[PDB]
Structures are given as C-alpha cells and as structure tokens.
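Two forms, one chain: they're shown below as structure tokens, one block per form, named structure 1 and structure 2.
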Structure 1
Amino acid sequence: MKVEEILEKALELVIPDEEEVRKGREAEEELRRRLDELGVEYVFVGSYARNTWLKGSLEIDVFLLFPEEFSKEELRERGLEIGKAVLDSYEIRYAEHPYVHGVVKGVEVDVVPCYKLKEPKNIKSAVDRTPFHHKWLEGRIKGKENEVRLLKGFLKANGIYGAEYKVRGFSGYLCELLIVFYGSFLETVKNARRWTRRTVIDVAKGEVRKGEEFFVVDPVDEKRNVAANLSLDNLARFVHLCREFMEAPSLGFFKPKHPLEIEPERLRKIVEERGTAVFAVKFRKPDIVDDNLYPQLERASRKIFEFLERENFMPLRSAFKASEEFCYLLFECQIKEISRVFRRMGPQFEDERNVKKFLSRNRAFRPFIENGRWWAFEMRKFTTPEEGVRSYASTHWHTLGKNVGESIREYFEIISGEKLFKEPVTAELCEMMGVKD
C-alpha cells in the first residue's frame, strides 16, 4: 500500500471496461449515421470525444452547430426537433439552455444546440465555449486520459465530483485542466494540499498566483472562472482529502464510501444523548429541475437558520433532503425551550427625551436601570424552536425561494421526535450530527 501501487489497482476502478468502450463506440457510430441522414452540422465533445469519461459514467455529447444569427428560440425549436428524431427515447428537462437527453443503442446521449462562433469571447448561449474547450483540450490531454480518470473517480467517490448546484464541486472540464496543468493525478493531489481560498490557477500563463477567491482561469476565456461553482467548503474537503491520501494512501479513497444503514432506533438514542432540539420543515417538492430546487432549498434552510440564531435558539447546523415527493429542511438546536421574558436595551439615563418614550410603552414588568442605561423586560410570542419556525415559515414563506416558498405557503408541517425518524432523513441527520461508526 504505497501510493504508487494503490494507483495501479485504482485504474481498475476508473478505466472503462472494454465492453463498455465498444458499447459507446457502437452507439457513437449509429448516432453519426442518424444525424448524417438529416445532414445537420454537429460535433462530438466532452468526456467521450476525449476518452476521459469515468468508468461507468458513459454519456455521449453531440453538439449541433448553428449560425450566430439564429434566434435562441430557433435553437430551442430546431435543436429539440433534431434530437428527438435521433434518439430511441428522450427526456426534455433543463433550467435555461435547451437540449434533449436520451438513449441510443443503450448509451446515454446529450444532444445540445449551440452557436458556432469564432473565438469564445462573448458567448451568446450558455454552452458556446464547450467546442473551443474541446479543441484546446484534445491536443494537450492526449496520453493523459487515465490520469484524468483517477482524479474523476477520486472526487466522485468522495461526493464532490459534479459542478452543478447539487454538488458544487469540480467540473469534468476543471479536472482536465488540472491534469494538463499539474501533469498527473498524483502531482495534482501533491500540490492541492497547498491550495488556499485565494489560490488562482492560470493554465494559460502556466502559473499559480494569489488572488481574491479560488479562481481557475479558462485557457479559452480569461474572464471565466472554471471553478466558479466550487463551494468554499468543498475546496476545503478536497484539499484535506489530498493531505490524508498522501499520508494514508489507501484505495478506499476511490471506493464509493459506506452505504450507511444505521438503525432509526440508534439515532433517537443519540439525539436523547445530545439533548438537543431536532426537527424538520416538510413541504411538497416543486415540480422543477434540480438546478433550480437546490439553490432554493439552500436559501430556505439558511433564512430559517438565521432566524433561529437571532432568536436565541442557538442553532447548531442545518441540512436539506429532497425525496421524489417532499423536501425536508433539517435543524438541530441547543435551546429546546427558552423563557417568556427577555431584556430589551433602552437609552442611557442621560438623554430623557428617549428615556421617557421608552418607559411610556405599556410593559408588563416595569423597566430597570443597569450600568447607566434603562432595560426592559419583554415577553416572547413563542418559547420553542418549532413554535418559532412555525410562525416564521407561515409568515415569511415568500423569501424562502420562489418555488420552495410558494409550496410552503400552501403547506408545511414541523415533524419532531419519533415521527421524524420514520421519514427519509435519517441519513442526512447522521451526517449533520457527525455520528460515526
């Protein structure tokens, strides 16, 4: 188990099995013939065209090249039309840029429309840079695609491989830039231990300089941060993972971490031991794309957590879970119950203009003097975290995300105790409380 050896066994986990390779080639060729029959301009790109797709994550990306002059509406209608007559079956679901996902002879295919530009300067559709990335990458990644897969399986096996809002990790494209820059998976991990939240990797200039935030500048467009959606906490989890791996080189870093099957009974006893307040906000899942849902779930979660902290329920952490039916906003606090009364800080005895206005308010306890200023005893309209959330959510639904918020406006409940462990959140709850074993 000496790094170097562990990487030899690892390839067996990230390199695609010759059967899968054929399957993909067999499909790519078919895809070609179907599109030629239509005689449309296209180009294969991504993991497949560069043969750097992670074993088991096969998916072809065909790109329909359209004239800069065409409407975005024209791309949507023409694009989807073509992709539909080209796939065995399809599925159309996207957040902003229209494309068709489907299957041809078994492999997953992404038929995406985009404008054929000259220079990836001022892109007109969200994806216009991909083809230029392919040209920039095909000549330089050649011979190091296995190195890309180690990295991809590494990030994947540790939950930070995707770059979409659900993951907020490293994009496949980022992975390939890191390899072209550092030269290998090992070199990347060796240096990633020294990355900070200000590290700027400039592939084009071949340099690493300190900056504002973590910025991996695109060879294709200097104003573009390739690691733009990589959360701070994930950059941290990676760096830390790189440090551990170099010290305890084990091929467990490439294996999909434990499935975790904890007993809903073991959990309840832990909560009892923690003596904290744990509960979720349950509402119906909005029929919308993951890329729209999660940012909203992060917002609702945060907006409620922030309410709980300023209201003194001493929040610990929050997490969210979205099943196919509902969504869950999870919380844990330190104050299961607070008092009715609390102090409110008034003016200093000095200026009376305000001292008087302060004491004029009909209070139930009569204000007192402490250290130079007046204080008042006030009563809260709720004494538990649940009560607070119930009030808050019912009253601030609109602010908890456009879609999430509207749903909560039409329904939401607060689950606690046993009734909460029956729900599909026992996995996120453990993760939240740092329960080990």
Structure 2
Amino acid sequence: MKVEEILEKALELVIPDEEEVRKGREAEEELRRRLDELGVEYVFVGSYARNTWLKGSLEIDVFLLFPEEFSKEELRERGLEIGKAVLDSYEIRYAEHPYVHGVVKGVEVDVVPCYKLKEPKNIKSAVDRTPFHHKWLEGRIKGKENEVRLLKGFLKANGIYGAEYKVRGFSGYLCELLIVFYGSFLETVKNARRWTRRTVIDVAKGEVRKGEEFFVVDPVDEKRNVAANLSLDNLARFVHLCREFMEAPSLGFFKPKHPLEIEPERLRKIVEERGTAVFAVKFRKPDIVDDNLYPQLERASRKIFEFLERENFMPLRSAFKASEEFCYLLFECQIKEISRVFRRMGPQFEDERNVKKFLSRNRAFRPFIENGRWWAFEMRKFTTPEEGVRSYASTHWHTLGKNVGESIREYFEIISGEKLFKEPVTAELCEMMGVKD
C-alpha cells in the first residue's frame, strides 16, 4: 500500500486481458480486408489504433479520407455506402455530421467520413482535426499506453471520465496529452495537486502558465482548449482526488463506487431531521440526445433555483435525474413556508414626487417611515416553495430550454413528501444532501 504497490493491481482493472485484445485484433484484421477489397482510403484513429483503450471499452474508429474538393454531401453518401457494405450490422448515428456505426466480428466500429488534408488550417469540421490529433499522438504516446489506461480508470471510477455534457469531465484526448506532458499517471496526479482554476497547460511549448481559465492548449491548434468542457467543480473534484490518493493510495480509487441505495423510510427521517422542504419537478423526458437534454436540465434547474433564491425561500442545492420515462428536477430549501406580508422599499422622504406616487397605490396595510425613507407592507401570491414553483413553471416554461421547456409547458407536477421518496430519485437526493454512511 504505497502508490507502486497499488498501481500494480490497478493495471489489472484498466488493461484489457488477452481475449479482449485478441478479439479486437481479429476485428481490425477482417475490417482491414473488407476495406481493401473495396479499395478504400482509410486510417484507424482513436484509442484502439493507439492501444490506449480502457479494459472493456473496445471500440474501433475508422476514418475515411476524402479529397479536399468533395462536397459534404458526397462525403456522407459515399460514407454511408462504404460503412454499409463493410458492416455486419450498420446503424446511422449523428454528431457534428452523420456517420455509420456498426459491428465487425463482434466489436464496435465507427465509420466516420472526413477530408484528407495537410496542415490544421482548412479543417472544416472537428472530425477533420481527428486525423492530425492522432498523427501528433501516435509517436509520442508509444510506450506509455498503460499510463493512459490508469488515468482513464481513475477518472471513470470517480465519475469524471467523459467530456460529453452528461459528465463534463476529461476527454480521452485530454488524457493522453496529459501523459505526454507529465510522463506517467503518477506524475500527472502528483502535479495536478497544484492545479488551480487559472492553470494553462501548453503541451507544445512543454510549459505551464497562468491564464484566465483552466486551459489545455491543443498541440494541433494553439487556439483550441482540449479541456474546454471540463466543468469547474469537476476540475475541483479531480485536484482534490489526487491530493487524497497521494495521502493514502488505495485500489479503491479505480473501482467504481457502489450505488449505495437507501430504504425510503430512512431518507424520510433525514429530511424530517433537516427540517427543510424537499420537492421535485416531474415532466416527461423529451425524446432527444443527452447532449441536448442535460444542458437543458442544468438550465431549468438553475432558473428555478434562482427563482427560489430571489423569492426568499433559501434554496440549498438543486439536482436532476433523467429516465426513459421522465426527468426530475430536485430541490431543497430552508423555508417550508414564508409569511404573506413582506416589505417594499419606497422613495426617500424628501422626494415629494415619488413619495406621492408610492402612496397613491392603495394597499391593505398603510406604509411607514424608517431611516429617511418610506416602506410598504405587501402580500405574496404564494407562501411555500412548491406553491411558488408551480407558478414559475406554469408561466416561465419557455425559459427552461427549447425542449425541456416545451415538455414542461404541456405537462408537469410537483412531488414532495413520501410520494416523492418512491420516485427514481433517491440516489440523487442523497448526493444533494451529502447523506453519508
């Protein structure tokens, strides 16, 4: 149980055993041939080509090089044609552009079309850059593949490995650049402990400096940030995670944390114990991809949080869960019920013009003076958080994201109490309240 002792056993969870590496080779072999018999210009990229794939995430990425002069349209049509005749099973996926996804000899395969180019400039879509990235990486990551694997396992185990919007963590390309830079997993970890929210890592210049944000400059483009979508808190959890590992290394850092489910009865008690208001917003899940969905959930949650805090309900944290069935926006406030009356700041006493207007407004309670200015008692339209969120949600649906909002407008309900405990959100709430044990 010192770092070395532990990393020895970690390799055993991140590195693909012989039957997984093999099964991959036979795929590539066969996948190679099919392409050759159709005489197609391709190039394997991604972690498979660079043997940097994590044990159990075997996925081959085949990019088809196309003449610079071809139209995007030709690229997809011929790409669709090629992916089609070369895949046991084929399925049309989408991202910046449409591409084919399939399976060969039992393994995942992506068949992406892109332009054959030289010089990063003239890249028309992120996918054009992929070839350069791989080109810049192949010679430099050689002999450190397992260091990359250890770093991917770590991030994966602590729920921050992907860069898609559902994670906002460290992309795979970010992982290898880090190794190229620090030489190994441990060095990366040891140095990360001194990372701040202002750290900039210029792989190309082999330098580390201070910027205006966490920035890992792409060796292939000096203006692009590889860790651009790494959220601030996710960067925080990592720095802290390295700090801990280094203080007491454990094989537990590479093992996914167990769900740790709680009986609802217990959950209720804690909420009773916390004395806070806990409720969730339930609406149907828009039939869209996670990359559009999650950023919307974040928006919705945020807009409602801010409605709650400006409306003096003292919210503590927000959260959200997504299912096949519905989406849950969760909340916790310090105020279960506020008074109807509240005070409104009026003009200063010596402004006759405004004082008069401020008084022309007939009110139920008759304003008063305090510290040189007039004030007024006013009544609220709602006195509980839920009551407030039913109002805000019913009228502000349009500001909660294009999709999420359109779904909320057509349906939603506010759940709380026991009826809430039983919904598919128990885990999220435990994280939102730091329930421990």
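Between two forms, the rigid core is defined as the largest C-alpha subset superposing within 1.5 Å. Numbers given to residues start at 1 and step along the sequence of structure 1.
Of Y161 and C114, one falls in each rigid part of the chain as it moves between the two structures.
Rotation of the smaller rigid segment with respect to the larger between the two structures, from C-alpha superposition: 7°. For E261, the displacement of the CA atom between the two structures, after superposition on the rigid core, amounts to 1.7 Å.
Relative displacement of the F245 Cα between the two structures on rigid core alignment is 0.2 Å.
Look at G39: with the core superposed, its C-alpha moves 3.1 Å between the two structures.
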